[PDB]
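Report on the structure given below.
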Amino acid sequence: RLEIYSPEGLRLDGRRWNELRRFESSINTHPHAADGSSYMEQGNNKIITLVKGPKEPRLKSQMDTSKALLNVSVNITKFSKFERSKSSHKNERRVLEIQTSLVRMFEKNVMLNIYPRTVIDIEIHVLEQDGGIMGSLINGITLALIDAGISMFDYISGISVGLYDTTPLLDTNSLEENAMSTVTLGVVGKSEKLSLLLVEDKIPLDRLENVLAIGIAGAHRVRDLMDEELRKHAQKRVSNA
Amino acid sequence: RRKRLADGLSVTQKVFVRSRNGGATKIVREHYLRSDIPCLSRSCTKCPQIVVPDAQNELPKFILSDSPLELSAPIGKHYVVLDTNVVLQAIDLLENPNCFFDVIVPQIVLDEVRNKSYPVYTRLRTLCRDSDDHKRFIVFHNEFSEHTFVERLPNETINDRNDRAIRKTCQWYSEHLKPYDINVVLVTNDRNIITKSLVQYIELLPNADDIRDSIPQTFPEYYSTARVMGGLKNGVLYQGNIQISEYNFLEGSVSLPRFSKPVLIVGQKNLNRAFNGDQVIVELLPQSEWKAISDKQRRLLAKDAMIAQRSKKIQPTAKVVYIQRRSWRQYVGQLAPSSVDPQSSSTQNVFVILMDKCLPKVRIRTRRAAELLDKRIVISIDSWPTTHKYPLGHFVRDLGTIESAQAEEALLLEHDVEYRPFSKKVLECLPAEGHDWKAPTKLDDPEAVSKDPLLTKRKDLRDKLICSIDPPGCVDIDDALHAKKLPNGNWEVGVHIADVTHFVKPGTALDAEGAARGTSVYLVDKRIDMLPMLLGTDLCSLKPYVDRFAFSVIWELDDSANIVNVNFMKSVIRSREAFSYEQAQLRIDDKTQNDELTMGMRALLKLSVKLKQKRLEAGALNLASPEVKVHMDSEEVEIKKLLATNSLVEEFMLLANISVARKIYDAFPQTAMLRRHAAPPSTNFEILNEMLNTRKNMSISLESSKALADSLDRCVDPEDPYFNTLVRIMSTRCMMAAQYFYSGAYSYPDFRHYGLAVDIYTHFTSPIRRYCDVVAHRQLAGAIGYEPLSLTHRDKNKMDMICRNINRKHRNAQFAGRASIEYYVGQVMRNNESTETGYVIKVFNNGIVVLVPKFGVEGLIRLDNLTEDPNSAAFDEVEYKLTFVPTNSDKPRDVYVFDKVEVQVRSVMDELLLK
Amino acid sequence: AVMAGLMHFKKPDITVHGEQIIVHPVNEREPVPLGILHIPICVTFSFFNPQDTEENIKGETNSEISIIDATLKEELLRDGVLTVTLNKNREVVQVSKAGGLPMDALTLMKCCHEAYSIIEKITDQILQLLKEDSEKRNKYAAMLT
RNA sequence: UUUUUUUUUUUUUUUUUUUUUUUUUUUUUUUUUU
């Protein structure tokens, strides 16, 4: 009964149809706990990512003589929403699916074949959650991996697009995600090639290309913001040290 | 604390607490502030340089006039900014076409109105949407603008913050529009900026005397909302509708789920200020007050009432403590010619009597009551204070003089029928070609196939002689027939139905308007259409000699009319001739015409005869109920008659409906639009059966459809054949009501329709005047692979809402038509005073019910005036006979049922009476 | 298999007798079926890279290869996989591409459009088979009268 | 013009299910063409 998209072209929080939320990121936030780390703020989302490795494997069974092993762990706290969660999310099938998807995404991008007989561990903590969490996870992983000095081919950027009747809305929040179907994308560099495509609710077949194009443009802008932040941090680091 | 992001875009935080049923939760939101919000004034020259297109790439439009209304000194050329309470209380003034020409609505006002009253918010949004060169309304987003956003100061109520925000918006307009010598006036009835109250602003208008009367004007107190909610949750309080009759205004009944029988409410004070049909909250009364301070005690009392309902002859009582919902719509009423004072030129208080007899009297304030003494008016109800004995209201609009043809409008409002003309947005959806839209000569033309990507499936059936038969007063065409003989000896038939769904698309304003009006309303003189004239009357009606799109169904029915081949398709045809019932009868009976077209017509006639014989074999519920057709045209009450052509197309329409029902049920077994008629109870049947076997000595069997039809056919009288139709119409008022539904609701055994003894039924043949036929057309188009279905017709909830809406509108339209025809009959019988006969259909212990056969309007004659010295009357139920002596000539004369008496009509003062 | 089994199943008829319920035996009161709202069908695609990773990420040409319904030998050598679910009302029920070889979006849309022709035929085949089974059972029951 | 051959390392799998939740209601007679 609310005005999701007003006749004047405004959304509930005051944004327009093709505008991103506030995007803030930090690099090298936990120097004593990991080789690489980042802190991501996208709207009201708050995520901490730590990268440990490359290092000696814990067990002799998890050793590969041709490349490194990559592991991803995701922790969603009980206080990340308005209503407190009853039980833990550690062993849910949804979380395991998310972890497998992230590992398979980043296997093809990291040059794992130049670190044989090593392991790289990624630990993620989600403190606050307000819609579009998968894209934020992708962006945080990319930033933390680059901060650790690990070789890769390009950036990967995450984005979410919702479809409201006939109107595409970019970078939806919790209110919009509970009232329409959404699409999540993972884009490589500045190209049109997708690493991830995730649709979980019904969408008409003849309305998907437009959503894909809007999401691709949004992800290009996200990549620009991440690159600018990384260059600024590197300039500050090298200027004095 | 706000942050500047990229382009003069800032973001803040919004924190509040939500109160659920006992819970407390804090909510955090982000709030963006912009700098591209236009003033939407046509005189501005700097705002058009900051606007951006929307998702559909459309630039904003500027609405407010550059030369607005000019008042006296020292304001001049003003705009108006509204307030929350003014909008909530005075919505009738805003819709008045004589004031409020240029109005600005802030965002916070709209939000508050939506929170407190959704229908008022809907009406305000409609006012904003339908802007033209007479009234102009805009919405300004003051909360999203960085020039007008204010932050709540510590220790300050929300009302103060909202008022400060409104004043800031008024100031921003005051300084923004100054170079164009336009001022802004803030209108609010509460307590630089030109601030005036509603009364003060009205007196400044040049026509204040014409609109000043529309200004909005010891019982125990209601419980608080928290108290009511706590009582409801614990099981102490109960909720339900309230029904009050016009014979007794000091008693009512409320039905509760936990009780088998309604709970009585007795008393002028026990009934709070409540109307008929309200949603109320009740509370049980102690046993010491039943008709002949803690939650545990009240639960025990509820248990006592539950156990005393079954057998104990003591009725539990209750009282009203809270009003949940109020109908309180616009009411049509007339002035009471007893509270008016001739020797008073000042403002006085008068009373208005409502047309609805179940509603109390409403007090009205005015100063021109002399001119409204004999007229019909529209009013609205404002409030009912505890001290006052009657509710208070205000004048809205004047209809016209009493008994005038136009004014007697009133039935449309009372029966809730929409009749205002369509808006510009609806007319935009219509084809731009207008009346120049013509179907292509060749369906495979490159332009034709390019403009219609689905034209590769549309068949070409313009090769047959096609005729249509409709009443002479009919214009919109929905049916067309043709016939031919195959070499093998089989008869080929085909029913052509107009294709409304081609030009009507789901999700458009035209579709929404068509779905709001359930059915078209037909009057003997006027007509109210569900669809616009341009589309239905001209572009979609299958007119002769011109090409028209249509949906086609073909059958191969043998000489015995047995189905062997049935097919449905969308094709292109061209009608040859149009006929009428009597003209077609004279055509077929014209022997000198030996053309093949009349042979096809008579073949259709014989096929329909066979079909109706088969139907009567299945069931013979054939009726003859006159509608009392009236057509005077005084520079003659006749009876409608059934002709052979009337029974010809009926069977074809029935066959098409049955075939479409079967096909759509087979295609979509869960969301198919169907109609049903359940078997009725026997009480209304058994009372008539007892009366008949007492006096007439007949019987009606309730074994089945065929048994009931045979029982009706048994009742025959050699002297008066009209007695047969009398028992047919008498039994016509006993069955249940047919209702629309969706196939996913009930089981297949429940799909049976009793009237025609058909296991499944639907409506398909008249998409112009019925929305259910449009839905069936969409379903059958999606059932053949021609086009996928939409979304609204694949969900149970939306289908249920559509079913409820169409059922309600069908019932309302039937009531409106009956009221109109009865009013016209009464008018034509009042002017001409003569002698008219009648029939007796019901006997009362103190009266007789007399029904006129040539008029159809029943009449009741009270024994108080029928018989002098009423104590000498004698009536018994053994023979349904009353004994009395008439006033004109004293004599013991008995009155029976089905007798003949002479009846005339007199004037109504506040009706039929014995002649 | 799940959709066909759901459309083939029937459950016993029951009635409510006051507080408790009665479950009638099958040889008494003709068990009843379930209500199905739509019929979804899944299709899987497999992707192969005939070049190196540098050509896939920085190259201009798009020379990736897509096949439908891979065998065991083929799916042990693939670089990516995509699953899409659709119904006859032209609705995308779900799409899953959880990492793997990056693919151009137009190729993915082409895959989504190729799946529809398959699902239509599969739906028709299932409906025809169910109808034939019902007719066979009715004929046998009539012959056993 | 004799004479001139240099090339590193490793062994037999972490333990306990599918439920993975937010913005507010109504009212008394079949069928076809109108």
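Each chain gets a letter, A, B and so on, in the order its sequence line appears, and its residues count up from 1.
- Put simply, OH on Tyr581(B) is 6 Å from P on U34(D), counting in whole angstrom units.
- Checked against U33(D), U29(D), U30(D), the side chain of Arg811(B) finds its nearest nucleotide in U29(D).
- Mapping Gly473(B) and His677(B) onto RNA chain D by nearest heavy atom places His677(B) closer to the 5' end of the strand.
- Taking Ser766(B) as the reference, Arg770(B), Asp773(B) meet the side-chain hydrogen bond (donor to acceptor under 3.5 Å, both in side chains) condition, with sequence neighbours excluded.
- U31(D) has a positive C1'-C2'-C3'-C4' torsion, placing its sugar in the north range.
- Side chain to side chain, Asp121(A) and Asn71(A) meet the donor-acceptor criterion of an N or O pair below 3.5 Å.
- Atom pair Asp479(B):CG and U33(D):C1' shows a separation of 7 Å (rounding to whole Å applied).
- The side chain of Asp470(B) sits closest to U34(D) out of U32(D), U29(D), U34(D).
- Comparing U34(D), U32(D), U30(D) by their nearest atom to the side chain of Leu623(B) picks out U30(D).
- Taking only side-chain atoms of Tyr761(B), from C-beta outward, the nucleotide of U33(D), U29(D), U32(D) with the closest atom is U32(D).
- With a 4.5 Å cut-off on side-chain heavy atoms, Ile265(B) and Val280(B) do not count as touching.
- Checking the phosphate oxygens (OP1, OP2) of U33(D), a side-chain nitrogen or oxygen of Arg769(B) falls inside 4.0 Å.
- Across the interface with RNA chain D, nearest-nucleotide mapping of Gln814(B) and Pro471(B) shows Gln814(B) to be the residue nearer the 5′ end.
- The distance between atom CG of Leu654(B) and atom P of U33(D), rounded to the nearest whole Å, is 9 Å.
- The side-chain ring of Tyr754(B) is not stacked on the base of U30(D), judged by centre separation under 5.5 angstrom and plane angle under 30 degrees.
- Here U32(D) is the nucleotide among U30(D), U34(D), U32(D) with the atom lying nearest to any side-chain atom of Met653(B).
- Between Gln585(B) atom CD and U33(D) atom P the separation is 19 Å, expressed in whole Å.
- The 12-atom threshold is not exceeded at CD of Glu97(A), counting heavy atoms of other residues, nucleotides or ligands nearer than 6.0 Å.
- Between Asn646(B) atom CG and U31(D) atom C1' the separation is 12 Å, expressed in whole Å.
- Remark: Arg818(B) does not engage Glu627(B) in a salt bridge, criterion side-chain N to carboxylate O under 4.0 Å.
- With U32(D), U34(D), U30(D) as the candidates, the nucleotide lying closest to the side chain of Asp478(B) is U34(D).
- The CZ-P distance, from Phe685(B) to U29(D), rounds to 14 Å in whole Å.
- Comparing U33(D), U32(D), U30(D) against the side chain of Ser625(B) picks out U30(D) as the nearest.
- If you measure from atom CD of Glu627(B) to atom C1' of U31(D), you get 11 Å, rounded to the nearest angstrom.
- Using a 4.0 Å heavy-atom criterion, one finds that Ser647(B) contacts no nucleic acid atom at all.
- Under the 5.5 Å centre and 30° plane thresholds, the six-membered base rings of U31(D) and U32(D) are judged to be stacked.
- Glycosidic conformation of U11(D) is syn; the angle stays within 90° of 0.
- Nearest nucleotide to the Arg527(B) side chain, out of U34(D), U30(D), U32(D): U34(D).
- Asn276(B) comes within contact range of no nucleotide atom at all, as no heavy-atom separation falls under 4.0 Å.
- Of the listed nucleotides (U29(D), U32(D), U10(D)), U32(D) has the atom at the smallest distance from the side chain of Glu650(B).
- Looking at residues two or more places apart in sequence or on another chain, you find a side-chain hydrogen bond (donor to acceptor under 3.5 Å, both in side chains) between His763(B) and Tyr740(B).
- In this structure, OG on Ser541(B) lies 12.0 Å from CE on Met533(B), to the nearest 0.5 angstrom.
- Distances shown here put a side-chain N or O of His763(B) below 4.0 Å from the OP1 or OP2 atom of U32(D).
- The distance from atom CE of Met736(B) to atom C1' of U30(D) is 13 Å, rounded to the nearest whole Å.
- Out of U29(D), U33(D), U31(D), the shortest distance to the side chain of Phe815(B) is found at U29(D).
- For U29(D), its base sits under 3.5 Å from the side chain of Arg818(B) at one donor and acceptor pair at least.
- Checking the phosphate oxygens (OP1, OP2) of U31(D), no side-chain nitrogen or oxygen of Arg615(B) falls inside 4.0 Å.
- Look at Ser766(B) and you won't find any side-chain N or O under 4.0 angstrom from OP1 or OP2 of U34(D).
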